[PDB]
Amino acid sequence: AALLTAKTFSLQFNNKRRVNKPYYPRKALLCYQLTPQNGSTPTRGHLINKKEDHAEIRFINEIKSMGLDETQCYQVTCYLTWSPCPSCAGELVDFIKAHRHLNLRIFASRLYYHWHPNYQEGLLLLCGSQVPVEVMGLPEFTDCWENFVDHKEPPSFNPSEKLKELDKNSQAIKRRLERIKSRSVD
């Protein structure tokens, strides 16, 4: 269970506004990439659980379990299917502020409760704390398909058609996040 199946990628990163029939849960999925600055081999992994749970907290404890050398500098890229809840946003900020040897970027497929003010404040808290939050587009969806999906078996769908579909649906989501960031600068 190291890499994701092509089916899991399609179903969980699905960024349509509404799940189609037959309905299935779009769970919280986190794909992370740890890239040391000195050029060591990057470490990759993913964690999945129900959206009500907190994959970001599991991600924090997974980073701590690696026993990283704090004299090195690390660039961390996180691909989320759902953007973080407000409590996880605060925990990520506190974690990154105490571990300044880590540089964290967050890419989200969907914006979790983006109409709710507390969830908006959580995303703004991350951006204001040197944790950039952006919406996944074609480059991010492609980078996730190449590095986190099992390619030994071909997918049932066309990978080029799926990535173009995900990028097309991302336009309205990127548009929504900029309206959130514009409202803070009032």
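All residue numbers are counted from 1 along the displayed sequence.
- Per the PDB record, of the two stretches 29-37 and 147-155, 147-155 carries the greater mean B-factor over its C-alpha atoms.
- Checked against the record, the higher mean CA B factor of 160-168 and 173-181 lies with 160-168.
- Set against one another, the Cα B-factors of 52, 56, 134, 62 in the record reach their highest point at 52.
- Among the modelled residues of its chain, residue 103 has a C-alpha B-factor that falls in the highest third, as given in the PDB entry.
- Residue 73 sits in the highest third of its chain by CA B factor, as recorded in the PDB entry.
- Residue 118: CA B factor lies in the lowest third for its chain, per the PDB record.
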